[PDB]
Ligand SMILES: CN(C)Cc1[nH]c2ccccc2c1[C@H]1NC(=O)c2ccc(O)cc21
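Have a look below at one chain only, the form solved without the ligand, in structure tokens format.
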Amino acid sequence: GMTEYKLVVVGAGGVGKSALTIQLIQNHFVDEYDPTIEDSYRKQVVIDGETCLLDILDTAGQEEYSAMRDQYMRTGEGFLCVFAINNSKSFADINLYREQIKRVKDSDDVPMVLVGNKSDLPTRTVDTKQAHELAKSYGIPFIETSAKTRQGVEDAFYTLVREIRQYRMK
């Protein structure tokens, strides 16, 4: 068969979790997408010559209980912590999502990537230096993305897979 990589996309509402996931899977930018819908996506891809399966959960952060969500949070191999560069509250939210991940995984060290989405916008409230500093303090990579222009979308998910690969080394 093929190696599976279970990825979970987390972050504040409206950062672009769905738009980044739909861009990667379906090669389309959603101008509007139901903020309450939480779906899983499977995509066969080639990363550094490895034919592999991506099993991605696009979380919605809803109160409603979900057996599938519980599974992905506990068995998730890598997490994409997404914030919007024009939403300071979402950047501050990252540390909560990291604490939530640490809780659901029962681990201080989880493969994860910091994603600074909406890089296409000319007005920023979170600069690249602030974002790099946060990622450096966690010891994780930082990828600037735009679901609209496709900039860094593939890079964000592939770098996360590369982070999981690093943990699988011994």
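One rule holds for the numbers: they count along the sequence shown, beginning at 1.
Although it is not shown, the form solved in complex with the ligand is what the next lines describe.
Contact with the ligand in the bound PDB entry, defined as a heavy atom within 4.5 Å, is made by all three of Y5, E50 and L57. Residue-level contacts in the bound PDB entry: of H28, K129, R42, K136, one residue has a heavy atom within 4.5 Å of the ligand, and it is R42. Put simply, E38 is close to the ligand in the bound PDB entry: some heavy atom of it is within 4.5 Å.
Annotation for 75-90: interface residues with the ligand in the bound PDB entry are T75, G76 [heavy atom within 4.5 Å].
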